[PDB]
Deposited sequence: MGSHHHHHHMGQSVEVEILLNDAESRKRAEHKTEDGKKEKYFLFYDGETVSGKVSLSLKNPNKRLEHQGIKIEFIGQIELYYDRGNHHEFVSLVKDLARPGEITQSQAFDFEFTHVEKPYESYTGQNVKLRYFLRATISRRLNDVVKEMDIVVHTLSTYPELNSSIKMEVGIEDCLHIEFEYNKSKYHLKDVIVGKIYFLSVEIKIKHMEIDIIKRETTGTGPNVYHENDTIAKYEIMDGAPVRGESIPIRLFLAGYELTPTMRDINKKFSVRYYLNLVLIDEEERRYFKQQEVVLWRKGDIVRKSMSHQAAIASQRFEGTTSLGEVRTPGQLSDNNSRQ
């Protein structure tokens, strides 16, 4: 009947970006940053030039919302901009309408999680008697940060089985390298297994309930049973190869995405020793 398209000014001139959708598959989208104007036009195409189209209005909305999978259809919009493009009337021809949203606040980076999604999109609606024609196009938003030592954590018991992991920063950009050292402070008991993990923890608030999802992004296993006091081991973790998002902290009080270095030690007696410490991941502007 009618084919609605959303078309941005400078479509093929503006940056795209890859973003994973709910299935886990990648795809590209127009990339925007906080503030940036969002402008283009809504293009209507009449299926048969020989036929009128009665509507109760045509509008374009810019929306940023958080969708909680445990309350799925109940969207939480945090930015909503509405521009009416036509009064209730009749379409008797193919045509387009211009729109411009200036000063578009986008305080949060796009995110597609396990129990939650944060997305921005344009929505064109042709209001109708029975059912509206709705067309959405997603855009992706990134947030850039900038930042300027050494950090230590330890696992185990003093003077028994005791390890120390030291690394260079408490914050890393998404293509950074985590550079550190395992120091064997004391190897009284034999080491059955050791590893350093990067763990992503997704915390989702929905109603009176909190949901928790952990994803082990990387595990660097330490080799052999050769350790003796004073011996150390170098660690270099390249973040770039991994799928990583910036840290997201209490986004509109609905969810957090946090990253942790997690030190795992299993002794010859099958005993687990865990320690973890947060690293803040941030996105660096090219």
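- Positions of the deposited sequence absent from the coordinates, in order: 1-12, 161-163, 302-340.
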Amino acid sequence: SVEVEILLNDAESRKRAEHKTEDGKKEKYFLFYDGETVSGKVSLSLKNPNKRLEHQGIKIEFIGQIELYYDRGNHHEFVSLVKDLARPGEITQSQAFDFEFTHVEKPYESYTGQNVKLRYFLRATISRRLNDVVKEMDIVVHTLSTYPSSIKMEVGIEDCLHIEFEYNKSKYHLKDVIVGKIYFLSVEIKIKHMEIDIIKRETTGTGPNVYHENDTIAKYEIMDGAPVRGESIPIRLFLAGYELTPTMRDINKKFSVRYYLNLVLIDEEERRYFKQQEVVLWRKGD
From here on, numbers count along this sequence of modelled residues.
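- Looking at 89-97 and 168-176 together, the entry lists the larger mean B-factor for 89-97, computed on C-alpha atoms.
- Checked against the record, the higher mean CA B factor of 184-192 and 210-218 lies with 184-192.
- If you compare the C-alpha temperature factors of 252, 37, 50, 65 in the entry, 50 comes out highest.
- Among 237, 248, 244, 223, the highest C-alpha B-factor recorded in the PDB entry belongs to 223.
- Sort the chain's modelled residues by C-alpha temperature factor and residue 42 lands in the middle third, per the entry.
- When the CA B factors of the chain's modelled residues are split into thirds, the value for residue 102 lands in the middle one.
- Ranked against the other modelled residues of its chain, the C-alpha B-factor of residue 129 as given in the entry falls in the highest third.
- Ranked by C-alpha B-factor against the other modelled residues of its chain, residue 59 falls in the middle third.
- When the modelled residues of the chain are ordered by C-alpha B-factor, residue 257 sits in the lowest third.
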